[PDB]
Each structure stands twice: as structure tokens, then as C-alpha cells.
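Down below is the structure, laid out as C-alpha cells.
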Amino acid sequence: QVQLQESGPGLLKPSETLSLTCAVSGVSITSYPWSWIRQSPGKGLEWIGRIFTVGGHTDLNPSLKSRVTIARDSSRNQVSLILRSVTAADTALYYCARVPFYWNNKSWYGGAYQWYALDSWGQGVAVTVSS
Amino acid sequence: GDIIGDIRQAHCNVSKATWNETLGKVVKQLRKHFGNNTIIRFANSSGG
Amino acid sequence: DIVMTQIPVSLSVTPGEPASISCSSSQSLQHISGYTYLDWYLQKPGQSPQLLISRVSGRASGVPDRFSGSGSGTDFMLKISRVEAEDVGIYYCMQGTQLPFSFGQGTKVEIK
Amino acid sequence: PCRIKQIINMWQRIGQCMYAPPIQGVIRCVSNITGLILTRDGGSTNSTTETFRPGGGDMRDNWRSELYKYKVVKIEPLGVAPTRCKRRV
Ligand SMILES: *[C@@H]1O[C@H](CO)[C@@H](O[C@@H]2O[C@H](CO)[C@@H](O[C@@H]3O[C@H](CO[C@H]4O[C@H](CO)[C@@H](O)[C@H](O)[C@@H]4O)[C@@H](O)[C@H](O[C@H]4O[C@H](CO)[C@@H](O)[C@H](O)[C@@H]4O)[C@@H]3O)[C@H](O)[C@H]2NC(C)=O)[C@H](O)[C@H]1NC(C)=O
Ligand SMILES: *[C@@H]1O[C@H](CO)[C@@H](O[C@@H]2O[C@H](CO)[C@@H](O[C@@H]3O[C@H](CO[C@H]4O[C@H](CO)[C@@H](O)[C@H](O)[C@@H]4O)[C@@H](O)[C@H](O[C@H]4O[C@H](CO)[C@@H](O)[C@H](O)[C@@H]4O)[C@@H]3O)[C@H](O)[C@H]2NC(C)=O)[C@H](O)[C@H]1NC(C)=O
Ligand SMILES: *[C@@H]1O[C@H](CO)[C@@H](O[C@@H]2O[C@H](CO)[C@@H](O)[C@H](O)[C@H]2NC(C)=O)[C@H](O)[C@H]1NC(C)=O
Ligand SMILES: *[C@@H]1O[C@H](CO)[C@@H](O[C@@H]2O[C@H](CO)[C@@H](O)[C@H](O)[C@H]2NC(C)=O)[C@H](O)[C@H]1NC(C)=O
Ligand SMILES: *[C@@H]1O[C@H](CO)[C@@H](O[C@@H]2O[C@H](CO)[C@@H](O)[C@H](O)[C@H]2NC(C)=O)[C@H](O)[C@H]1NC(C)=O
Ligand SMILES: *[C@@H]1O[C@H](CO)[C@@H](O)[C@H](O)[C@H]1NC(C)=O
Ligand SMILES: *[C@@H]1O[C@H](CO)[C@@H](O)[C@H](O)[C@H]1NC(C)=O
Ligand SMILES: *[C@@H]1O[C@H](CO)[C@@H](O)[C@H](O)[C@H]1NC(C)=O
Ligand SMILES: *[C@@H]1O[C@H](CO)[C@@H](O)[C@H](O)[C@H]1NC(C)=O
């Protein structure tokens, strides 16, 4: 079993560039890719975006397409999220997880890799945005 | 050149009874290699 | 962007009594020439979420000798053979058909 | 329904192609189907729900269904075996 860990500043201020980093464990980026999942008290879970070993497509939610960004770094072995223009409902938990399973053959888009799952979730990020 | 008559689209036909019977006769055969209680579904591929 | 519905919202069941839950969607979850993407997640307070059901019926690994859900979908359903003392938590329904990979609302569980 | 195109790439051969001339009148061809090509899915897990999907595109597989009973051989007339005989001088 492989366990992930979340990282990032504890205390945060409004209207600041929120940089949240997921501490990638032994399994390197070249292996199974990851994804970002958002939590929200008093509301259902929300999606942030996906990522791939080579990036490329990296589909994100249309609602926050122009605000959030996902970047990868093989040398640093970490994945980070850039967010600005915080909202009132940003005091929640962020989860980082990977996609175990794959499904492909010689006919589906010529060997394209399809991922559909969410692996073991992280411990979450506790934040307190206030004056 | 110019087309004489009505304009239609080319197509092909296959008998439903013959086609399904062949699939039903081959599906059972393939279960031997994999297993007796195996569910078989057929897809149509995508853009190539 | 599609909204999910979870029924029942609140469930109370004695140990040893099988219980059933349902998840529904408006747009059909049949992928283009593929399978139906839907998973059930258990949110145990104070613990890490885990994945228990894959595809529509595939059981990945771990505990799932008690969780079993099937059916074509639309109004997706899940069935429990037996309720164990570790079945305390909040359920979750996720749909990942094409765009959003969004989630559901949730469902609490009560033990007697 | 389907579509028809004139220029084709059979035996893809990026460096060449061919143009299909028009055919007078109408064409009504009748034939048989004798075999199918199938491809398995990925190694997801131990799932009873197994899906078979058509493949194609390889010309070598087309003729493998007609020459699967044949095997060329090399005949060696020379042979050696003991025998009770003597060559007189
Ligand atoms: C194997 O079998 C699969 C499953 O049946 C086939 O998949 C279908 O492919 C066709 C190709 O035409 C799809 O039809 C086209 O889909 C496009 C998108 O529609 C979906 O997505 C939009 C959002 O982008 C949704 O609003 C919509 O509800 C659908 O979910 C559109 O591009 C097409 O419609 C528009 O464009 C075309 C021109 O491109 C116009 O002619 C139309 O009038 C219209 O303006 C079109 O609908 C179809 O959706 C696929 N199936 C499913 C279930 O989604 C594979 O094609 C097939 N493969 C082979 C090789 O046979
Ligand atoms: C798989 O196997 C099937 C079954 O055998 C084949 O189908 C047969 O195909 C052949 C070859 O095409 C057919 O036989 C003859 O084909 C010709 C059609 O094209 C002609 O037309 C133009 C017109 O100008 C000519 O210039 C050109 O050279 C071609 O000759 C015709 O020659 C024949 O029809 C004429 O002659 C016959 C007598 O031979 C008369 O009865 C007709 O009225 C007409 O005057 C003829 O059709 C044959 O008919 C097909 N069907 C069968 C045998 O049932 C498939 O081709 C083969 N291949 C594949 C990929 O499936
Ligand atoms: C394709 O278009 C051409 C013209 O661009 C058409 O030719 C015309 O045919 C009509 C009918 O016989 C004549 O009266 C015109 O003088 C022709 N025009 C020219 C410029 O020669 C032709 O018929 C069209 N073909 C189809 C199938 O619609
Ligand atoms: C292949 O099947 C189609 C669909 O049935 C046939 O098209 C019909 O042909 C008849 C011939 O009498 C027409 O009356 C119909 O209007 C056509 N359309 C439909 C929807 O049936 C076609 O003829 C068949 N082709 C062959 C070679 O048998
Ligand atoms: C289905 O396949 C999986 C993957 O090979 C099997 O999972 C293994 O199960 C054994 C049971 O003793 C464990 O020890 C292994 O650690 C598992 N490996 C994994 C999850 O990678 C599973 O056993 C198979 N199921 C059946 C019924 O044969
Ligand atoms: C239909 O179009 C064809 C094209 O060749 C033409 O010859 C024919 O007269 C048209 N029919 C009518 C009723 O306009
Ligand atoms: C083929 O026949 C089987 C029974 O042999 C039946 O269950 C199935 O529905 C048929 N399929 C079609 C497409 O008609
Ligand atoms: C599976 O089917 C085969 C024939 O395809 C039969 O001989 C065999 O007994 C079956 N096995 C079981 C376990 O039913
Ligand atoms: C198809 O198979 C039959 C089997 O009797 C054979 O006679 C025939 O020539 C083949 N071709 C066609 C077009 O029917």
C-alpha cells in the first residue's frame, strides 16, 4: 500500500495566491497519475482537475477553468495547485489521490490510456482564512 | 459527371436470424477458454 | 454539470439487517462505446476515505465481502448483504461520465 | 448508412496512394463472411464482464486464416544406419 500526504500553509490570508502541494510518495510521477478533489462543508464535493505523467489534456472543471491551474515537476516529485481570488466558502478540506486502474487495447484511439477511479485519499488540509 | 436519377446513399444488409445465430453459436465456444460464467459484450471501436 | 440525487438521505438499520441505497441521475451514464463509471465511497469520521465499488459492480479489493451493487443504472442502486459494526460513516455517489467527474450529496447511517 | 471515398491508402505506404476511377452503372455485389477479428480489452481486474472489440488493419492476419495448415519442409536424401555388410577388395 502507498499512502499520500498533503502539504501547504496552515494559516492563510484572504486575497492571496494559495499554493497547495501534494507530497507525492515513493511512486513517481511516471507511474499512475493523480487528481485534485475539493471538499466543502454544508455542500457536496466539487472537482478541481486531473493530471497526467506528461500533462497535455489535463481537463479541469469549466466553472474554475480560468482561475485554477495544475502543474507538474518530475525533478521535484510534487504536484501543486495555484489559486487566487478566494471565496467565503474556501475554508474546507483538499484531498489528493491517484487513479489505480486502466483500460485500453489496440483499437481504442490507438493505445490511448483510460483511467477511471480514485485511490486512497489523503489526510486533508485544514485551513483558517481570517483577519 | 452528372448524376442520372435520384440521389441515395450506399448501404448493406444482413439477415438478423443468420447473424444472431452465428454470434450465439460462437459465444458459447469462447467461454471454454475464459470461463463458463463469463459475460460477453461486443463494442464497435472508435475513430482510427 | 449534472446534479445527483441520493435516496434515502437518512438510514437506520439494526446490525444483521440488510439495507439498500439508491443513486439517480438525469443524463444516462453509459459512456461512448464503453462502461458506466460510478463508485461508492465511505466517509468514516476521523479516517481516510476509501474506494469500495468500481465500474458498476467490480469490487476492487479490501473489505467488500458485504457491499454489492449492480443494475443498468439511471436510478443506480447498491445492496448490502450484512451490516457490520465497521459500517459507520457517510456514503457518497460519484459520476464521471464525460466532463465533470462530479460527486453526489451523501447519506448518513445510524446503528442500533 | 456509410460513405465512399475514391483515393485510398491500401498497404498504407505513406509515400504512395491510388485514385479510384468511376464505375459505370450500378454495383450490386454479393459475398460471404467467413471470419472475424477480435481484440481483448486491458488488464483492468478479474471482471466477469469481458468485452470483445473488433480490430483489423493488419494484412498479415488476413492471410494467416488461409495458410494455417501448411508448413514448408526440407528433404535430405542422405541417411546413415548400421548394417552387417562388407565391401570386398
Ligand atoms: C461506435 O459507437 C459509439 C456509440 O454509439 C459511437 O459514438 C457516437 O459517435 C457519434 C459520431 O457522430 C456521436 O454523435 C455526435 O456527437 C457529438 C457530441 O454529442 C455529444 O456531446 C455533446 C457535447 O459535446 C452533447 O451535447 C450531446 O448530447 C452528446 O453527448 C456531436 O459532434 C454531433 O452532433 C452535432 O454535430 C454533427 C456534426 O459533427 C451534426 O451532424 C449533428 O447534427 C450535430 O450538430 C453528433 O451527435 C454520438 O454522440 C456518439 N454516441 C454517443 C452515445 O455519444 C461511435 O461513433 C461509433 N463508432 C463507429 C466507428 O461506428
Ligand atoms: C467474393 O465472391 C463473390 C461471389 O463470387 C464475388 O461476387 C461476384 O463478383 C464477380 C466479379 O465482379 C461478378 O461476376 C461478374 O462481374 C462483372 C461486373 O463488373 C463488370 O462490369 C463492367 C461493365 O462495363 C465491365 O466492364 C467490367 O469488366 C466487369 O466485367 C460482370 O462481368 C458480370 O456481369 C455480366 O456478365 C454476367 C456473366 O458473366 C451476366 O450474367 C451479367 O448479366 C452481366 O452481363 C458478373 O457480374 C459476380 O456476378 C459476383 N457475384 C456472384 C458470383 O454471385 C465477389 O466479387 C468476391 N469478392 C469480394 C470482395 O467479395
Ligand atoms: C455542376 O455545375 C455545372 C456548372 O458549374 C452544371 O453544368 C450546367 O448544366 C446545365 C444543365 O445541363 C447547363 O444548362 C449549364 O450550361 C451548365 N453549366 C456550365 C457552366 O457548363 C452541372 O450540371 C452541375 N452538375 C450537377 C450534377 O448538378
Ligand atoms: C437493403 O435494405 C434496405 C432497407 O430495407 C432496402 O431499401 C428498401 O428497398 C425497397 C425495395 O423495394 C424500397 O421499397 C424501400 O423504400 C427501401 N427502403 C426501406 C427503408 O426499406 C434495400 O433495398 C436493401 N437492399 C438490398 C440489396 O436488398
Ligand atoms: C483478483 O485479482 C486480484 C489481483 O491479482 C487479487 O488480489 C490479490 O488477492 C490476494 C488474496 O490472497 C492478496 O493476497 C493479494 O495481495 C491481492 N493482490 C492485489 C490486490 O494486487 C484477487 O485475489 C483476485 N481475486 C480472486 C477471487 O482470485
Ligand atoms: C432530381 O435530381 C436529379 C439529378 O440528376 C434530376 O435529374 C431530376 O430531374 C430531379 N427530380 C426532380 C423531380 O426535380
Ligand atoms: C439472439 O438469440 C438469443 C437466443 O439464442 C437471444 O437471447 C438474443 O436476444 C438474440 N439477439 C438478438 C440481437 O436478436
Ligand atoms: C463449461 O462448459 C463446458 C462446455 O463449453 C462444459 O463441458 C463444462 O462442464 C462446463 N463447466 C461447468 C463448471 O459448468
Ligand atoms: C458462399 O458460400 C456458399 C456455400 O454453399 C457458396 O456456394 C457460395 O459461392 C459463397 N458465396 C456466395 C456469394 O454465396
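If you're wondering about the labels, chains in the C-alpha cells are A, B, ... by order shown, residues count from 1 in each chain, ligands from 1 in order shown.
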>> Contacts from chain B to chain D, 9 Å maximum, only C-alpha atoms: show me the residue list as a list in words.
In response: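 Therefore, the residues near the partner are residues 9, 10, 11, 12, 35, 37, 38, 39, 40, 41, 42, 43, 44 and 45 of chain B.
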Deliver the residues from the most recent selection as a file, using N, CA, C and O atoms, as a CSV table (one decimal), in the first residue's frame.
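Contents of the output file out02.csv:
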```csv
chain,number,residue,atom,x,y,z
B,9,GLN,N,-28.0,6.9,-50.8
B,9,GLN,CA,-26.8,6.6,-50.0
B,9,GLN,C,-26.6,5.1,-50.1
B,9,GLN,O,-27.5,4.3,-49.9
B,10,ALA,N,-25.3,4.7,-50.3
B,10,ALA,CA,-25.0,3.3,-50.3
B,10,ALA,C,-25.1,2.7,-48.9
B,10,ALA,O,-24.9,3.3,-47.9
B,11,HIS,N,-25.5,1.4,-48.9
B,11,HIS,CA,-25.7,0.7,-47.6
B,11,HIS,C,-25.6,-0.8,-47.8
B,11,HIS,O,-25.4,-1.3,-49.0
B,12,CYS,N,-25.7,-1.6,-46.8
B,12,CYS,CA,-25.6,-3.0,-46.8
B,12,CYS,C,-26.6,-3.6,-45.9
B,12,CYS,O,-27.0,-3.0,-44.9
B,35,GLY,N,-14.1,-18.9,-19.2
B,35,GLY,CA,-14.9,-19.5,-18.1
B,35,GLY,C,-16.4,-19.7,-18.5
B,35,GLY,O,-16.9,-19.1,-19.5
B,37,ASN,N,-19.1,-19.0,-16.5
B,37,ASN,CA,-19.9,-17.9,-16.1
B,37,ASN,C,-19.2,-16.6,-16.4
B,37,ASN,O,-18.9,-15.8,-15.5
B,38,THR,N,-19.1,-16.3,-17.7
B,38,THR,CA,-18.5,-15.1,-18.2
B,38,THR,C,-19.5,-14.3,-19.1
B,38,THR,O,-20.1,-14.9,-19.9
B,39,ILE,N,-19.6,-13.0,-18.8
B,39,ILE,CA,-20.5,-12.2,-19.6
B,39,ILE,C,-19.7,-11.6,-20.7
B,39,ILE,O,-18.6,-11.0,-20.5
B,40,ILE,N,-20.3,-11.7,-21.9
B,40,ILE,CA,-19.6,-11.2,-23.2
B,40,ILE,C,-20.4,-10.1,-23.7
B,40,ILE,O,-21.6,-10.2,-23.9
B,41,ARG,N,-19.7,-9.0,-24.0
B,41,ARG,CA,-20.3,-7.8,-24.7
B,41,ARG,C,-19.4,-7.4,-25.8
B,41,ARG,O,-18.2,-7.6,-25.8
B,42,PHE,N,-20.1,-6.9,-26.9
B,42,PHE,CA,-19.4,-6.5,-28.1
B,42,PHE,C,-19.5,-5.0,-28.3
B,42,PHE,O,-20.5,-4.4,-28.2
B,43,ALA,N,-18.3,-4.4,-28.6
B,43,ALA,CA,-18.2,-3.0,-28.8
B,43,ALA,C,-17.9,-2.7,-30.3
B,43,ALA,O,-17.8,-3.7,-31.1
B,44,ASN,N,-17.9,-1.5,-30.7
B,44,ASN,CA,-17.8,-1.0,-32.1
B,44,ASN,C,-16.5,-0.2,-32.4
B,44,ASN,O,-16.4,0.4,-33.5
B,45,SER,N,-15.6,-0.1,-31.5
B,45,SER,CA,-14.4,0.7,-31.7
B,45,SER,C,-14.7,2.2,-31.8
B,45,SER,O,-15.9,2.6,-31.7
```
>> Which residues are near ligand 1 in this structure, taking near to mean any atom at most 9 Å from a ligand atom and counting only C-alpha atoms and all ligand atoms? Format them as a VMD selection string.
In response: (chain B and resid 43 to 48) or (chain C and resid 30 to 34 98)
>> Taking only C-alpha atoms into account and nothing else, which residues of chain C lie no more than 9 Å away from chain D? Please answer as a list in words.
In response: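 Contact residues on the first chain: residues 57, 58, 59 and 60 of chain C.
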Could you list the protein, DNA and RNA residues that have any atom within 9 Å of ligand 3, counting only C-alpha atoms and all ligand atoms, and write them as a PDB file with C-alpha atoms, in the first residue's frame?
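Result went into result.pdb, see below:
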```pdb
ATOM      1  CA  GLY B   1     -20.085  13.573 -64.326  1.00  0.00           C
ATOM      2  CA  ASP B   2     -23.702  14.457 -63.679  1.00  0.00           C
ATOM      3  CA  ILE B   3     -25.918  12.054 -61.738  1.00  0.00           C
ATOM      4  CA  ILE B   4     -28.834  10.413 -63.563  1.00  0.00           C
TER       5      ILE B   4
END
```
>> Contacts from chain C to chain A, 12 Å maximum, only C-alpha atoms: show me the residue list as a ChimeraX atom specification.
In response: /C:1-6,31-56,58-62,91-107
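Using only C-alpha atoms, the chain A residues found within 8 Å of chain B amount to residues 107, 108, 109 and 110 of chain A.
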Can you build me a table of chain B residues sitting at most 8 Å from ligand 8, with the closest atom pair per residue and its distance in Å to one decimal, using only C-alpha atoms and all ligand atoms, sorted by chain and residue number, as JSON lines?
```
{"residue": "B:28", "atom": "CA", "partner": "ligand 8", "partner_atom_place_in_ligand_line": "5 (O)", "distance": 6.4}
{"residue": "B:29", "atom": "CA", "partner": "ligand 8", "partner_atom_place_in_ligand_line": "5 (O)", "distance": 6.2}
{"residue": "B:31", "atom": "CA", "partner": "ligand 8", "partner_atom_place_in_ligand_line": "5 (O)", "distance": 6.4}
{"residue": "B:32", "atom": "CA", "partner": "ligand 8", "partner_atom_place_in_ligand_line": "5 (O)", "distance": 5.1}
{"residue": "B:35", "atom": "CA", "partner": "ligand 8", "partner_atom_place_in_ligand_line": "1 (C)", "distance": 6.9}
{"residue": "B:36", "atom": "CA", "partner": "ligand 8", "partner_atom_place_in_ligand_line": "1 (C)", "distance": 4.6}
```
Residues as selected, N, CA and C atoms, written as a PDB file, in the first residue's frame, can you do that?
```
ATOM      1  N   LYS B  28     -20.726 -19.215 -27.094  1.00  0.00           N
ATOM      2  CA  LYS B  28     -20.582 -20.364 -26.206  1.00  0.00           C
ATOM      3  C   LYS B  28     -19.201 -20.990 -26.343  1.00  0.00           C
ATOM      4  N   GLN B  29     -18.668 -21.032 -27.565  1.00  0.00           N
ATOM      5  CA  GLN B  29     -17.361 -21.644 -27.781  1.00  0.00           C
ATOM      6  C   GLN B  29     -16.267 -20.893 -27.032  1.00  0.00           C
ATOM      7  N   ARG B  31     -16.401 -19.287 -24.321  1.00  0.00           N
ATOM      8  CA  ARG B  31     -16.472 -19.412 -22.871  1.00  0.00           C
ATOM      9  C   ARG B  31     -15.543 -20.496 -22.341  1.00  0.00           C
ATOM     10  N   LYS B  32     -15.181 -21.476 -23.172  1.00  0.00           N
ATOM     11  CA  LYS B  32     -14.313 -22.554 -22.708  1.00  0.00           C
ATOM     12  C   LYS B  32     -12.950 -22.023 -22.283  1.00  0.00           C
ATOM     13  N   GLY B  35     -14.115 -18.926 -19.195  1.00  0.00           N
ATOM     14  CA  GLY B  35     -14.906 -19.473 -18.112  1.00  0.00           C
ATOM     15  C   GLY B  35     -16.359 -19.689 -18.484  1.00  0.00           C
ATOM     16  N   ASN B  36     -17.055 -20.529 -17.716  1.00  0.00           N
ATOM     17  CA  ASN B  36     -18.455 -20.811 -18.010  1.00  0.00           C
ATOM     18  C   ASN B  36     -19.340 -19.616 -17.677  1.00  0.00           C
TER      19      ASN B  36
END
```
Could you please extract the residues within 7 Å of ligand 9, counting only C-alpha atoms and all ligand atoms, and hand them back as a short mmCIF file (atom, residue, chain, number, x, y, z; two decimals) with N, CA, C and O atoms, in the first residue's frame?
```cif
data_model
loop_
_atom_site.label_atom_id
_atom_site.label_comp_id
_atom_site.auth_asym_id
_atom_site.auth_seq_id
_atom_site.Cartn_x
_atom_site.Cartn_y
_atom_site.Cartn_z
N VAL D 30 -22.57 -9.46 -54.06
CA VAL D 30 -22.99 -10.40 -53.04
C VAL D 30 -21.81 -11.31 -52.72
O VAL D 30 -21.16 -11.83 -53.63
N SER D 31 -21.54 -11.50 -51.43
CA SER D 31 -20.40 -12.30 -50.99
C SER D 31 -20.76 -12.97 -49.67
O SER D 31 -21.91 -12.95 -49.23
N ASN D 32 -19.76 -13.57 -49.04
CA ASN D 32 -19.91 -14.26 -47.77
C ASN D 32 -18.99 -13.64 -46.72
O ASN D 32 -18.02 -12.96 -47.05
#
```
Leaving out segment 84-93 of chain A and any residue of its chain fewer than 2 positions from it, which residues lie within 6 Å of it when counting only C-alpha atoms, given as a compact mmCIF listing (two decimals) with N, CA, C and O atoms, in the first residue's frame?
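What ended up in around-v1.txt:
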```txt
# COMPACT_ATOMS: atom_id res chain seq x y z
N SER A 15 -7.51 36.89 -0.30
CA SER A 15 -6.98 37.54 -1.50
C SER A 15 -5.47 37.32 -1.62
O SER A 15 -4.70 38.26 -1.83
N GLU A 16 -5.06 36.07 -1.47
CA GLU A 16 -3.66 35.68 -1.61
C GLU A 16 -3.56 34.45 -2.49
O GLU A 16 -4.49 33.64 -2.57
N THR A 17 -2.41 34.32 -3.16
CA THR A 17 -2.17 33.18 -4.05
C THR A 17 -1.99 31.92 -3.21
O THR A 17 -0.95 31.73 -2.58
N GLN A 39 -13.28 19.49 -1.12
CA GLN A 39 -14.31 19.27 -0.12
C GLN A 39 -14.92 20.61 0.27
O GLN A 39 -14.30 21.66 0.13
N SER A 40 -16.16 20.55 0.77
CA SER A 40 -16.87 21.77 1.15
C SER A 40 -17.91 21.47 2.22
O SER A 40 -18.87 20.74 1.95
N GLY A 124 -6.21 15.24 4.22
CA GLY A 124 -6.92 16.50 4.14
C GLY A 124 -6.07 17.67 4.60
O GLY A 124 -5.05 17.52 5.28
N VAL A 125 -6.51 18.87 4.23
CA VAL A 125 -5.82 20.11 4.57
C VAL A 125 -6.78 20.97 5.40
O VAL A 125 -7.90 21.25 4.97
N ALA A 126 -6.33 21.37 6.58
CA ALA A 126 -7.09 22.24 7.46
C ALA A 126 -6.59 23.67 7.31
O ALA A 126 -5.39 23.93 7.46
N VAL A 127 -7.51 24.59 7.00
CA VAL A 127 -7.16 25.99 6.76
C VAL A 127 -8.06 26.88 7.61
O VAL A 127 -9.15 26.49 8.03
```
